[PDB]
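Content type compact mmCIF, C-alpha atoms and all ligand atoms, from the file target.txt:
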```txt
# COMPACT_ATOMS: atom_id res chain seq x y z
CA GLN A 1 17.40 3.73 3.18
CA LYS A 2 14.00 4.84 4.42
CA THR A 3 13.00 4.66 8.11
CA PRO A 4 9.76 2.80 9.01
CA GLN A 5 6.79 4.74 10.39
CA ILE A 6 4.76 2.68 12.86
CA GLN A 7 1.19 2.78 14.25
CA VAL A 8 -0.01 0.37 16.97
CA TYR A 9 -3.78 0.17 17.41
CA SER A 10 -6.83 -2.08 17.82
CA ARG A 11 -9.22 -3.23 15.12
CA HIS A 12 -12.24 -2.21 17.20
CA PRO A 13 -12.61 0.40 20.00
CA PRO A 14 -10.95 -1.43 22.86
CA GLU A 15 -13.29 -2.99 25.43
CA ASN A 16 -11.62 -4.24 28.66
CA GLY A 17 -12.71 -7.91 28.60
CA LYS A 18 -14.11 -7.92 25.00
CA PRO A 19 -11.87 -9.95 22.52
CA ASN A 20 -10.18 -7.80 19.83
CA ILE A 21 -7.24 -7.63 17.38
CA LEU A 22 -4.01 -5.64 17.84
CA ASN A 23 -2.40 -4.19 14.70
CA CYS A 24 1.11 -2.98 14.03
CA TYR A 25 1.04 -1.04 10.73
CA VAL A 26 4.53 -0.34 9.30
CA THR A 27 5.02 1.97 6.29
CA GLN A 28 7.50 4.09 4.36
CA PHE A 29 10.50 1.70 4.55
CA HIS A 30 13.18 0.55 2.09
CA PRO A 31 14.72 -1.96 1.70
CA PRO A 32 11.82 -4.45 2.12
CA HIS A 33 13.68 -6.77 4.57
CA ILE A 34 12.18 -5.99 8.00
CA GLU A 35 11.67 -7.76 11.35
CA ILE A 36 8.49 -6.96 13.26
CA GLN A 37 7.63 -8.43 16.68
CA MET A 38 4.63 -7.84 18.94
CA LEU A 39 5.21 -7.79 22.74
CA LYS A 40 2.83 -8.34 25.70
CA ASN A 41 4.28 -6.99 28.99
CA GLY A 42 7.72 -6.95 27.37
CA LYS A 43 7.60 -10.59 26.11
CA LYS A 44 7.33 -11.77 22.48
CA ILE A 45 3.86 -12.86 21.35
CA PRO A 46 3.80 -16.04 19.15
CA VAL A 47 1.50 -13.01 15.02
CA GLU A 48 0.20 -12.94 11.46
CA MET A 49 1.76 -10.70 8.86
CA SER A 50 -0.04 -9.38 5.76
CA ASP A 51 1.77 -9.98 2.44
CA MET A 52 4.06 -7.14 1.41
CA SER A 53 3.04 -4.22 -0.77
CA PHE A 54 4.71 -1.04 -1.92
CA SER A 55 3.18 2.33 -2.43
CA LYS A 56 3.39 4.73 -5.37
CA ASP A 57 6.55 6.42 -3.89
CA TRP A 58 8.28 2.93 -4.02
CA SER A 59 8.32 2.58 -0.20
CA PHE A 60 7.06 -0.71 1.35
CA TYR A 61 4.30 -1.36 3.87
CA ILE A 62 2.95 -4.29 5.88
CA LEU A 63 0.43 -5.06 8.60
CA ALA A 64 1.21 -7.31 11.59
CA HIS A 65 -1.61 -8.41 13.85
CA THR A 66 -2.47 -10.69 16.77
CA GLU A 67 -5.62 -11.67 18.68
CA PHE A 68 -5.95 -10.12 22.14
CA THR A 69 -8.21 -9.32 25.04
CA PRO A 70 -7.51 -5.93 26.65
CA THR A 71 -7.33 -5.60 30.45
CA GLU A 72 -6.77 -2.61 32.79
CA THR A 73 -3.11 -3.66 33.27
CA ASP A 74 -1.63 -5.58 30.27
CA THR A 75 0.74 -3.40 28.19
CA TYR A 76 1.44 -4.09 24.52
CA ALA A 77 3.98 -2.93 21.94
CA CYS A 78 5.35 -3.42 18.48
CA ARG A 79 9.09 -3.68 17.96
CA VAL A 80 10.66 -3.17 14.56
CA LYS A 81 14.20 -3.80 13.41
CA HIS A 82 15.32 -2.46 10.02
CA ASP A 83 18.65 -1.53 8.41
CA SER A 84 17.73 2.21 8.32
CA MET A 85 17.96 2.39 12.11
CA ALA A 86 20.88 1.83 14.58
CA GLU A 87 18.58 0.14 17.10
CA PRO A 88 15.15 -1.60 17.21
CA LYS A 89 12.24 0.85 17.54
CA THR A 90 9.52 0.03 20.04
CA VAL A 91 6.11 1.70 19.94
CA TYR A 92 3.72 1.07 22.85
CA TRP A 93 -0.04 0.65 22.35
CA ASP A 94 -2.04 3.60 23.64
CA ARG A 95 -5.67 2.46 23.95
CA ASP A 96 -6.90 6.03 23.32
CA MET A 97 -5.12 6.40 19.80
CA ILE B 1 -4.28 -8.57 -17.39
CA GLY B 2 -0.75 -7.56 -16.61
CA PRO B 3 2.24 -6.29 -18.65
CA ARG B 4 5.32 -8.17 -19.87
CA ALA B 5 8.71 -6.61 -19.15
CA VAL B 6 10.39 -8.24 -22.11
CA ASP B 7 12.98 -5.46 -22.69
CA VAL B 8 15.83 -5.93 -20.22
CA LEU B 9 17.99 -3.25 -18.65
CA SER C 1 -12.04 7.81 -13.34
CA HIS C 2 -10.64 4.29 -12.85
CA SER C 3 -7.22 2.70 -12.84
CA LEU C 4 -5.66 -0.73 -13.41
CA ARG C 5 -2.11 -1.06 -12.05
CA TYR C 6 0.52 -3.79 -11.56
CA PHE C 7 3.22 -3.41 -8.89
CA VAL C 8 6.19 -5.72 -9.27
CA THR C 9 9.18 -6.32 -6.98
CA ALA C 10 12.31 -8.46 -7.38
CA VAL C 11 14.80 -8.80 -4.52
CA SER C 12 18.13 -10.58 -5.09
CA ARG C 13 19.25 -13.17 -2.52
CA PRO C 14 23.06 -13.36 -2.45
CA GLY C 15 24.52 -16.89 -2.36
CA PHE C 16 22.85 -19.31 -4.74
CA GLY C 17 19.24 -19.22 -6.01
CA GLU C 18 16.43 -17.19 -7.61
CA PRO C 19 15.51 -13.65 -6.42
CA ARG C 20 12.24 -13.23 -4.58
CA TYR C 21 9.72 -12.15 -7.22
CA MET C 22 6.29 -10.67 -6.53
CA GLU C 23 3.51 -9.11 -8.61
CA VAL C 24 0.32 -7.45 -7.34
CA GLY C 25 -2.60 -6.13 -9.42
CA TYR C 26 -5.00 -3.39 -8.38
CA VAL C 27 -8.23 -1.87 -9.69
CA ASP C 28 -8.73 1.64 -8.25
CA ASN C 29 -6.28 1.00 -5.40
CA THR C 30 -7.59 -2.42 -4.29
CA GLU C 31 -5.72 -5.60 -4.67
CA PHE C 32 -7.35 -8.24 -6.89
CA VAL C 33 -4.52 -10.63 -7.88
CA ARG C 34 -1.08 -11.56 -6.59
CA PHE C 35 1.88 -13.73 -7.56
CA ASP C 36 4.60 -14.73 -5.11
CA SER C 37 7.57 -16.87 -6.03
CA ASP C 38 7.87 -17.95 -2.38
CA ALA C 39 4.58 -19.93 -2.58
CA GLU C 40 5.07 -23.66 -2.96
CA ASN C 41 3.78 -24.08 -6.53
CA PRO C 42 3.65 -20.37 -7.36
CA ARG C 43 0.58 -19.29 -9.43
CA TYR C 44 -1.29 -16.06 -10.05
CA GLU C 45 -3.97 -16.18 -7.37
CA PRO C 46 -7.27 -14.33 -6.90
CA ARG C 47 -7.43 -11.95 -3.93
CA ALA C 48 -11.20 -11.17 -4.08
CA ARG C 49 -14.33 -13.20 -5.04
CA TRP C 50 -15.19 -11.24 -8.21
CA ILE C 51 -12.01 -12.16 -10.22
CA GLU C 52 -12.52 -15.89 -9.43
CA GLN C 53 -15.15 -15.82 -12.21
CA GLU C 54 -12.22 -15.88 -14.71
CA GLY C 55 -11.61 -19.32 -16.22
CA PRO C 56 -8.49 -21.59 -16.13
CA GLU C 57 -7.18 -19.99 -19.28
CA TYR C 58 -6.80 -16.56 -17.56
CA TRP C 59 -5.04 -18.10 -14.52
CA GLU C 60 -2.70 -20.11 -16.71
CA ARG C 61 -1.77 -17.22 -19.05
CA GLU C 62 -1.18 -14.84 -16.11
CA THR C 63 0.94 -17.40 -14.22
CA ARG C 64 3.02 -17.85 -17.40
CA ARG C 65 3.45 -14.10 -17.89
CA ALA C 66 4.62 -13.72 -14.24
CA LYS C 67 7.18 -16.49 -14.66
CA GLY C 68 8.43 -14.90 -17.89
CA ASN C 69 8.73 -11.58 -16.01
CA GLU C 70 10.66 -13.34 -13.20
CA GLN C 71 13.28 -14.35 -15.75
CA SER C 72 13.55 -10.82 -17.25
CA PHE C 73 13.92 -9.44 -13.70
CA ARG C 74 16.69 -11.94 -12.96
CA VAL C 75 18.64 -10.73 -16.01
CA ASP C 76 17.83 -7.12 -15.04
CA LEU C 77 19.29 -7.54 -11.54
CA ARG C 78 22.57 -9.01 -12.82
CA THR C 79 22.84 -6.23 -15.46
CA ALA C 80 22.29 -3.56 -12.78
CA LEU C 81 25.19 -5.06 -10.80
CA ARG C 82 27.50 -4.59 -13.80
CA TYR C 83 26.30 -1.03 -14.59
CA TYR C 84 26.85 0.17 -10.99
CA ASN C 85 30.04 -1.89 -10.46
CA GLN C 86 28.40 -3.61 -7.42
CA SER C 87 29.35 -6.98 -5.90
CA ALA C 88 27.32 -10.20 -6.10
CA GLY C 89 27.11 -10.49 -2.28
CA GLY C 90 24.65 -7.65 -1.54
CA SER C 91 20.82 -7.75 -1.75
CA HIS C 92 19.41 -5.33 -4.36
CA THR C 93 15.78 -4.58 -5.34
CA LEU C 94 14.16 -3.71 -8.66
CA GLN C 95 10.57 -2.38 -8.66
CA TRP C 96 8.18 -1.67 -11.52
CA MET C 97 4.78 -0.04 -11.77
CA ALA C 98 2.74 -0.16 -14.94
CA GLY C 99 -0.88 0.55 -15.83
CA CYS C 100 -3.53 2.97 -16.98
CA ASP C 101 -5.77 5.75 -15.62
CA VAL C 102 -8.95 5.87 -17.69
CA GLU C 103 -11.77 8.52 -17.85
CA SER C 104 -15.60 8.06 -18.01
CA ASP C 105 -15.66 8.36 -21.84
CA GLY C 106 -13.05 5.58 -22.12
CA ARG C 107 -10.14 8.01 -22.87
CA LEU C 108 -6.72 7.02 -21.52
CA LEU C 109 -5.86 9.75 -19.14
CA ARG C 110 -2.32 8.54 -18.32
CA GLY C 111 -0.29 5.45 -18.89
CA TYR C 112 2.56 4.40 -16.54
CA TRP C 113 5.62 2.24 -17.10
CA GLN C 114 8.42 2.88 -14.68
CA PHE C 115 11.21 1.29 -12.65
CA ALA C 116 13.20 1.92 -9.43
CA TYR C 117 16.50 0.36 -8.44
CA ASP C 118 17.28 0.09 -4.69
CA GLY C 119 14.36 2.44 -3.99
CA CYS C 120 15.35 5.26 -6.37
CA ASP C 121 13.87 6.27 -9.73
CA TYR C 122 15.62 4.47 -12.56
CA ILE C 123 13.67 4.92 -15.85
CA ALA C 124 10.12 6.02 -16.65
CA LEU C 125 7.91 6.25 -19.73
CA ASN C 126 6.94 9.88 -20.19
CA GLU C 127 3.33 11.04 -20.53
CA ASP C 128 3.77 11.16 -24.36
CA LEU C 129 4.16 7.30 -24.21
CA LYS C 130 7.04 7.69 -26.69
CA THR C 131 10.13 8.86 -24.77
CA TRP C 132 11.94 7.74 -21.55
CA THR C 133 13.23 9.80 -18.59
CA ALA C 134 16.51 8.25 -17.35
CA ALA C 135 17.57 9.07 -13.72
CA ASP C 136 21.36 8.39 -14.13
CA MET C 137 24.06 7.03 -16.44
CA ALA C 138 23.04 3.38 -15.92
CA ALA C 139 19.48 4.20 -16.99
CA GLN C 140 20.85 6.11 -20.01
CA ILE C 141 22.48 2.87 -21.16
CA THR C 142 19.09 1.15 -20.71
CA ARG C 143 17.35 4.01 -22.56
CA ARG C 144 19.59 3.66 -25.62
CA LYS C 145 18.85 -0.09 -25.75
CA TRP C 146 15.12 0.56 -25.48
CA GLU C 147 15.21 3.29 -28.15
CA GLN C 148 16.92 0.83 -30.54
CA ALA C 149 14.49 -2.05 -29.63
CA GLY C 150 11.37 0.18 -30.07
CA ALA C 151 10.31 -0.71 -26.47
CA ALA C 152 8.13 2.41 -25.97
CA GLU C 153 5.95 1.60 -29.01
CA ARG C 154 5.20 -1.91 -27.64
CA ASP C 155 4.69 -0.60 -24.10
CA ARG C 156 2.30 2.08 -25.33
CA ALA C 157 0.36 -0.62 -27.29
CA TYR C 158 -0.24 -2.51 -24.02
CA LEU C 159 -1.18 0.62 -22.05
CA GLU C 160 -3.65 1.96 -24.71
CA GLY C 161 -4.88 -1.52 -25.76
CA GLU C 162 -5.06 -4.42 -23.28
CA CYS C 163 -4.77 -2.25 -20.20
CA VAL C 164 -7.88 -0.15 -21.10
CA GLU C 165 -9.77 -3.09 -22.54
CA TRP C 166 -9.23 -5.34 -19.46
CA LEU C 167 -10.00 -2.57 -17.03
CA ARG C 168 -13.40 -2.12 -18.72
CA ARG C 169 -13.97 -5.87 -18.55
CA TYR C 170 -13.06 -6.02 -14.83
CA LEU C 171 -15.39 -3.09 -14.05
CA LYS C 172 -18.22 -4.77 -16.00
CA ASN C 173 -17.76 -8.14 -14.16
CA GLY C 174 -16.75 -6.94 -10.74
CA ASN C 175 -18.22 -3.45 -10.26
CA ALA C 176 -20.31 -4.61 -7.22
CA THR C 177 -17.01 -5.19 -5.34
CA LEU C 178 -14.66 -2.73 -7.05
CA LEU C 179 -17.08 0.20 -6.75
CA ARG C 180 -18.40 -0.80 -3.30
CA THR C 181 -18.37 1.83 -0.50
CA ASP C 182 -18.75 1.55 3.33
CA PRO C 183 -19.45 4.98 4.86
CA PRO C 184 -17.57 5.96 8.07
CA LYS C 185 -19.14 5.33 11.44
CA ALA C 186 -17.97 8.40 13.41
CA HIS C 187 -17.94 9.16 17.16
CA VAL C 188 -16.13 11.59 19.47
CA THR C 189 -14.20 10.50 22.59
CA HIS C 190 -13.40 12.83 25.54
CA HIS C 191 -10.07 12.63 27.50
CA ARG C 192 -9.43 14.91 30.44
CA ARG C 193 -5.83 15.98 30.55
CA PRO C 194 -3.64 16.47 33.70
CA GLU C 195 -3.52 20.16 32.58
CA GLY C 196 -7.27 20.44 33.27
CA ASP C 197 -8.39 20.74 29.62
CA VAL C 198 -9.78 18.07 27.29
CA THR C 199 -8.72 16.21 24.23
CA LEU C 200 -11.60 15.60 21.87
CA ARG C 201 -10.86 12.80 19.44
CA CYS C 202 -13.06 12.34 16.36
CA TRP C 203 -12.95 8.75 15.10
CA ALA C 204 -13.96 7.55 11.63
CA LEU C 205 -14.21 3.72 11.54
CA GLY C 206 -15.32 0.94 9.16
CA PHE C 207 -14.96 2.95 5.94
CA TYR C 208 -14.00 2.01 2.39
CA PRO C 209 -12.30 3.20 0.27
CA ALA C 210 -9.36 4.88 2.15
CA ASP C 211 -9.75 8.54 1.08
CA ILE C 212 -11.49 10.65 3.71
CA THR C 213 -11.42 14.20 5.09
CA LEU C 214 -11.70 14.78 8.84
CA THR C 215 -11.71 18.30 10.22
CA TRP C 216 -12.52 20.15 13.42
CA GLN C 217 -14.31 23.50 13.43
CA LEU C 218 -14.90 26.09 16.12
CA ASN C 219 -17.74 28.66 15.56
CA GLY C 220 -17.75 27.18 12.05
CA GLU C 221 -14.14 28.20 11.27
CA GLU C 222 -11.40 25.52 10.64
CA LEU C 223 -8.21 25.30 12.76
CA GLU C 224 -4.30 23.10 16.29
CA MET C 225 -5.25 19.59 15.06
CA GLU C 226 -3.47 16.23 15.50
CA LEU C 227 -4.29 13.73 12.75
CA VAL C 228 -3.10 10.14 12.24
CA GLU C 229 -2.45 8.67 8.79
CA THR C 230 -5.34 6.58 7.50
CA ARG C 231 -4.77 2.97 8.57
CA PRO C 232 -6.21 -0.54 7.77
CA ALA C 233 -8.47 -2.26 10.35
CA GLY C 234 -7.32 -5.60 8.99
CA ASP C 235 -10.80 -6.52 7.70
CA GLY C 236 -10.76 -4.49 4.41
CA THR C 237 -12.00 -1.22 6.05
CA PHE C 238 -9.99 1.83 7.20
CA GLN C 239 -9.72 4.06 10.33
CA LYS C 240 -8.68 7.64 10.94
CA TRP C 241 -8.89 10.09 13.79
CA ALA C 242 -8.38 13.81 14.32
CA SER C 243 -8.12 15.47 17.73
CA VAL C 244 -8.07 18.93 19.36
CA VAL C 245 -7.44 20.22 22.87
CA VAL C 246 -10.32 22.34 24.23
CA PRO C 247 -11.44 23.93 27.62
CA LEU C 248 -13.44 21.65 29.94
CA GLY C 249 -17.04 22.92 29.64
CA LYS C 250 -16.68 24.26 26.09
CA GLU C 251 -16.81 20.96 24.22
CA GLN C 252 -20.17 21.93 22.55
CA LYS C 253 -18.63 24.80 20.50
CA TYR C 254 -16.47 22.29 18.54
CA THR C 255 -17.67 20.21 15.64
CA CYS C 256 -16.05 17.34 13.78
CA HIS C 257 -16.74 17.12 9.97
CA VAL C 258 -16.33 13.93 7.89
CA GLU C 259 -16.39 13.80 4.05
CA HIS C 260 -16.27 10.45 2.28
CA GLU C 261 -17.63 9.12 -0.99
CA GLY C 262 -19.78 6.56 0.92
CA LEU C 263 -21.83 9.26 2.69
CA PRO C 264 -25.05 10.82 1.23
CA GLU C 265 -23.66 14.11 2.56
CA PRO C 266 -20.97 15.51 4.99
CA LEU C 267 -21.32 14.31 8.58
CA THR C 268 -21.25 16.83 11.47
CA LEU C 269 -20.87 15.58 15.03
CA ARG C 270 -19.97 16.72 18.57
CA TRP C 271 -19.21 15.23 22.06
K K A 301 -4.08 -10.06 -13.84
```
Would you mind writing the structure in this file as structure tokens?
Amino acid sequence: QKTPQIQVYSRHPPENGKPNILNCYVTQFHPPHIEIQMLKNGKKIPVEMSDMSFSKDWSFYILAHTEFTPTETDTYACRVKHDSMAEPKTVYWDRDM
Amino acid sequence: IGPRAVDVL
Amino acid sequence: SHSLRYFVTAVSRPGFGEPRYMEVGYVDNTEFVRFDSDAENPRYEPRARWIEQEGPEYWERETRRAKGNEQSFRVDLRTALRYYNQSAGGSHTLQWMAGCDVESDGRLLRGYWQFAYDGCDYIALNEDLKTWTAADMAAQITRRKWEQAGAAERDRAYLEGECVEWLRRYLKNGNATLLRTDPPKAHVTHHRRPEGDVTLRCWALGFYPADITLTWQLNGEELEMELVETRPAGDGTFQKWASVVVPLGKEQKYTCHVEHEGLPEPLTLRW
């Protein structure tokens, strides 16, 4: 069992008001069964998922994304459930990272 | 083109 | 040098029915074909424009090979259950990587043919392309069967033969895409901290392929640095950043350095 590493970030440098894409990039997990959700102010967004790949160390990776328009005040997150962890792991978008 | 895994475990 | 590689995964689905079965092909780390048994009428599919030049014969023979592999993988999964004394009701995965790394002169630099069960090394063809490394007792049983069958000889024939030959063909036909590069567009961002000092973040954006070096220097010595893993933009290009914490008013003494195969030379920038 290998624990997923997550990054949450925009496609383009985030412009309040300018339309963009939010990504949730999940890597280094095994087994391949995983549940990934994207949240906007705590609520589930209805999200495309890349097809699954594995890397040369056998561990899987996938890219979730969704269309979005950043504002001063909207918070966003990626939540991941996988058998390697007791509890879902939530990572919040930081617009500077 | 890709390989064929014809020998089984 | 260049590489052609196939990455294959089978995942068993306890109850009744076929395992999930997937194959993906790469030339120098970029995906060009895929097969997925969960598609409606599953075929080998192109994943880039350049490989679409291949005719219906290619697509049909590759689809057939994938479906043949699906059956071998099904047998493989059931055999693995017996060797490890596992029950039918759990999900298990078998992965395989095979392919060739080839030099300028056309020499085969390394061939690969290796398997993992449930995420751990199972059996691998050694660099000599004649003997197998077996991770455990199950894989020793497999090894003895493959030694008797002369598996390695046939595997090596693919890796030295078709693998090399097809890689050269793909590079000839698709080198505009496969060898394409997009240099990084870099900039520095400036973030005052509550502590009164500044984070400088050096961004590299829009680059292809993935490999890049980002560093920070102070008085032209390297150094303190936070550095995210290279990540996909979602449009085929990659992103990375590196950051340091510096005094407010001393931003100008720090330089960010970017090396990437798409650049005519190393990039040097500041706030
Ligand atoms: K192929």
Extract, using all atoms listed in the file, all DNA, RNA and protein residues at most 12 Å from residue C:155, discarding same-chain residues fewer than 2 positions from it, and format them as a short mmCIF file (atom, residue, chain, number, x, y, z; two decimals) with C-alpha atoms, in the coordinates of the input.
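Result saved to selection-v3.cif:
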```cif
data_model
loop_
_atom_site.label_atom_id
_atom_site.label_comp_id
_atom_site.auth_asym_id
_atom_site.auth_seq_id
_atom_site.Cartn_x
_atom_site.Cartn_y
_atom_site.Cartn_z
CA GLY B 2 -0.75 -7.56 -16.61
CA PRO B 3 2.24 -6.29 -18.65
CA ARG B 4 5.32 -8.17 -19.87
CA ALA B 5 8.71 -6.61 -19.15
CA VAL B 6 10.39 -8.24 -22.11
CA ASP B 7 12.98 -5.46 -22.69
CA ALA C 98 2.74 -0.16 -14.94
CA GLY C 99 -0.88 0.55 -15.83
CA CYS C 100 -3.53 2.97 -16.98
CA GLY C 111 -0.29 5.45 -18.89
CA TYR C 112 2.56 4.40 -16.54
CA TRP C 113 5.62 2.24 -17.10
CA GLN C 114 8.42 2.88 -14.68
CA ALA C 124 10.12 6.02 -16.65
CA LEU C 125 7.91 6.25 -19.73
CA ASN C 126 6.94 9.88 -20.19
CA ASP C 128 3.77 11.16 -24.36
CA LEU C 129 4.16 7.30 -24.21
CA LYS C 130 7.04 7.69 -26.69
CA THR C 131 10.13 8.86 -24.77
CA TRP C 132 11.94 7.74 -21.55
CA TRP C 146 15.12 0.56 -25.48
CA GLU C 147 15.21 3.29 -28.15
CA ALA C 149 14.49 -2.05 -29.63
CA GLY C 150 11.37 0.18 -30.07
CA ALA C 151 10.31 -0.71 -26.47
CA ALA C 152 8.13 2.41 -25.97
CA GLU C 153 5.95 1.60 -29.01
CA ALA C 157 0.36 -0.62 -27.29
CA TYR C 158 -0.24 -2.51 -24.02
CA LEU C 159 -1.18 0.62 -22.05
CA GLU C 160 -3.65 1.96 -24.71
CA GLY C 161 -4.88 -1.52 -25.76
CA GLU C 162 -5.06 -4.42 -23.28
CA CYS C 163 -4.77 -2.25 -20.20
#
```
(request) Would you list the residues that come within 10 Å of ligand K 301 (chain A)? Count only C-alpha atoms and all ligand atoms and give the answer as number ranges by chain. (result) B: 1-3; C: 4-6, 23-26, 32-35, 44-46, 51, 58-59, 61-63, 65-66, 166, 170
Prev. selection, C-alpha atoms, output as an mmCIF file, in the coordinates of the input:
```cif
data_model
loop_
_atom_site.group_PDB
_atom_site.id
_atom_site.type_symbol
_atom_site.label_atom_id
_atom_site.label_comp_id
_atom_site.auth_asym_id
_atom_site.auth_seq_id
_atom_site.Cartn_x
_atom_site.Cartn_y
_atom_site.Cartn_z
ATOM 1 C CA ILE B 1 -4.280 -8.570 -17.390
ATOM 2 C CA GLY B 2 -0.750 -7.560 -16.610
ATOM 3 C CA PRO B 3 2.240 -6.290 -18.650
ATOM 4 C CA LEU C 4 -5.660 -0.730 -13.410
ATOM 5 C CA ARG C 5 -2.110 -1.060 -12.050
ATOM 6 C CA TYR C 6 0.520 -3.790 -11.560
ATOM 7 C CA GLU C 23 3.510 -9.110 -8.610
ATOM 8 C CA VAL C 24 0.320 -7.450 -7.340
ATOM 9 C CA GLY C 25 -2.600 -6.130 -9.420
ATOM 10 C CA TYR C 26 -5.000 -3.390 -8.380
ATOM 11 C CA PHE C 32 -7.350 -8.240 -6.890
ATOM 12 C CA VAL C 33 -4.520 -10.630 -7.880
ATOM 13 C CA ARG C 34 -1.080 -11.560 -6.590
ATOM 14 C CA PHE C 35 1.880 -13.730 -7.560
ATOM 15 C CA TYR C 44 -1.290 -16.060 -10.050
ATOM 16 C CA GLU C 45 -3.970 -16.180 -7.370
ATOM 17 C CA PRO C 46 -7.270 -14.330 -6.900
ATOM 18 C CA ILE C 51 -12.010 -12.160 -10.220
ATOM 19 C CA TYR C 58 -6.800 -16.560 -17.560
ATOM 20 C CA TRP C 59 -5.040 -18.100 -14.520
ATOM 21 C CA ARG C 61 -1.770 -17.220 -19.050
ATOM 22 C CA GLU C 62 -1.180 -14.840 -16.110
ATOM 23 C CA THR C 63 0.940 -17.400 -14.220
ATOM 24 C CA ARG C 65 3.450 -14.100 -17.890
ATOM 25 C CA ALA C 66 4.620 -13.720 -14.240
ATOM 26 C CA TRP C 166 -9.230 -5.340 -19.460
ATOM 27 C CA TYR C 170 -13.060 -6.020 -14.830
#
```
If you count all atoms listed in the file, which residues fall within 8 Å of residue C:207, apart from same-chain ones fewer than 4 positions away, as a PDB file with C-alpha atoms, keeping the file's coordinate frame?
```pdb
ATOM      1  CA  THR C 181     -18.370   1.830  -0.500  1.00  0.00           C
ATOM      2  CA  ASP C 182     -18.750   1.550   3.330  1.00  0.00           C
ATOM      3  CA  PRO C 183     -19.450   4.980   4.860  1.00  0.00           C
ATOM      4  CA  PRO C 184     -17.570   5.960   8.070  1.00  0.00           C
ATOM      5  CA  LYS C 185     -19.140   5.330  11.440  1.00  0.00           C
ATOM      6  CA  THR C 237     -12.000  -1.220   6.050  1.00  0.00           C
ATOM      7  CA  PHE C 238      -9.990   1.830   7.200  1.00  0.00           C
ATOM      8  CA  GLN C 239      -9.720   4.060  10.330  1.00  0.00           C
ATOM      9  CA  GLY C 262     -19.780   6.560   0.920  1.00  0.00           C
TER      10      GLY C 262
END
```
For chain C versus chain B, which residues have an atom no more than 6 Å away, and what is each residue's nearest atom pair and distance in Å rounded to one decimal, using all atoms listed in the file, chain-then-number order, as CSV?
```
residue,atom,partner,partner_atom,distance
C:69,CA,B:5,CA,5.9
C:76,CA,B:9,CA,5.3
C:142,CA,B:9,CA,5.0
```
(request) For chain A, work out the contacting residues on chain C at 7 Å, counting all atoms listed in the file, and write them as JSON, numbers by chain. (result) {"C": [119, 233, 234]}
(request) Grab the atom CA of residue A:82 to atom CA of residue A:4 distance for me, in Å with one decimal place. (result) 7.7 Å
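We find atom CA of residue C:42 and atom CA of residue C:30 to be spaced 21.4 Å apart.
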(message) Please report the interatomic distance between atom CA of residue A:66 and atom CA of residue A:48 in Å with one decimal.
(response)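 About the pair atom CA of residue A:66 and atom CA of residue A:48: they are 6.4 Å apart.
The nearest approach to residue C:257 among the residues C:38, C:271, C:240, C:214, with only C-alpha atoms taken into account, belongs to C:214.
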(request) Determine, counting all atoms listed in the file, which protein, DNA and RNA residues have an atom within 8 Å of an atom of residue C:91; residues of the same chain fewer than 6 positions away are not included. Present the result as a PyMOL selection string. (result) chain C and resi 11-14
